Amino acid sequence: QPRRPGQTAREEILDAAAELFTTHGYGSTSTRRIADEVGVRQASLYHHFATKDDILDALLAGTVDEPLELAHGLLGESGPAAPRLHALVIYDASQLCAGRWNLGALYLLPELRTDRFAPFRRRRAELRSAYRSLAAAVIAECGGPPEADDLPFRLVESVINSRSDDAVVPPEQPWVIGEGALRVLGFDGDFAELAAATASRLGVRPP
């Protein structure tokens, strides 16, 4: 009887670890409890993830790899920055809000401060740095405040906090973040237009 139907045995572990790490804690959750939750022998688990840190690593990479693939594409594009940054913010905030578990909450684990997790830190810093380039262009284009260029990234990551506080997360929260991310940079163009352009770039419905 799986946690979710159709889950691979790898996906079941990742799903169980995600629930336990986010709701009980990382250092607190043993690999024995994970294995218990998915109904496998502890020893069999190691053949999918040899260590607990390997489970965390996969969970964390899954929160950044796709956002980063988009961000990298977007930095290579020509044309106006605003829609590009906007597209990124929608995609990335949508994935953090839509995640079954609030994995981003683990970013602040002190375990991530160790050399073991330097590669993840690097990849998350590269996402931050792609946000910042796009935002700096938005700012220069709109004559905005130059020192706001970290803030769109912080607005996107703020959904992690809102998830932690709130049971629900209101319907179209990514778009709400989308708008704020651009207002902080001095953008005051037409937001329904911007929204419609992003929705079709991303293949999703606008508000």
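Position 1 is the first residue in the sequence shown; the rest follow in order.
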May I ask you to compare 186-194 and 16-24 by their mean CA B factor in the entry and name the higher one?
186-194
Averaging the C-alpha temperature factors as deposited, the higher value of 103-111 versus 78-86 falls on 78-86
In this PDB entry, which of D53, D36, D149, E157 has the top CA B-factor?
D36
With respect to the C-alpha temperature factors reported in the PDB entry, which of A167, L60, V176, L68 ranks highest?
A167
How does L134 rank on Cα B-factor within its chain, lowest, middle or highest third?
middle
Which third, lowest, middle or highest, does the C-alpha temperature factor of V64 belong to within its own chain?
lowest
Split the chain's modelled residues into thirds by Cα B-factor; is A118 in the lowest, middle or highest one?
middle
